[PDB]
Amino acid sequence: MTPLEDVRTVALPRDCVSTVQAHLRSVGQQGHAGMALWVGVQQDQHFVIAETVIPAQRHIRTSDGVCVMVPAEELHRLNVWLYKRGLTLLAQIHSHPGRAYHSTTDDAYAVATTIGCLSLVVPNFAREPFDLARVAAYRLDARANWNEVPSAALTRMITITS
């Protein structure tokens, strides 16, 4: 069969972008980072995103900034829900107060834990419209490293549909 690592193309509904943006913008108005998840069905080397999940989450101030934490009960709920629905977790998305990048905390505590998963970072509290060329995207390798996906490669990979 085909591992998630071998996905090369992703269909992303515009509605799923809108749900992410609305959540990130909403919590950003309070100075907080938010998190969202893209789930769907893998079709071998293609992945169809079906839904955005906004996990139950808490917002905590750290020494050098802010973070978003997903509690254990919610991670269990999400696991059971994916299993009952026949869905796969492809991507996590979170916002930064300013420039987008993967921090050391982001590298260590991801929710999208499977080799091949994506982690997208939206700058400036998602104030501007979502743009695949303006996010900072990372993909998890077999040695558990989150490596940057250059913008040109990200736009070749992900097509937004309506």
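Sequential numbering from 1, following the sequence displayed.
According to the PDB record, 19-27 carries the higher mean C-alpha B-factor of the two stretches 136-144 and 19-27.
Per the PDB record, of the two stretches 31-39 and 57-65, 57-65 carries the greater mean B-factor over its C-alpha atoms. When the CA B factors of the chain's modelled residues are split into thirds, the value for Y109 lands in the lowest one. For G116, the recorded CA temperature factor ranks within the lowest third of the chain's modelled residues. In the PDB entry, a CA B factor belonging to the middle third of its chain's modelled residues is recorded for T52. The PDB entry assigns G98 a C-alpha temperature factor belonging to the middle third of its chain's modelled residues.
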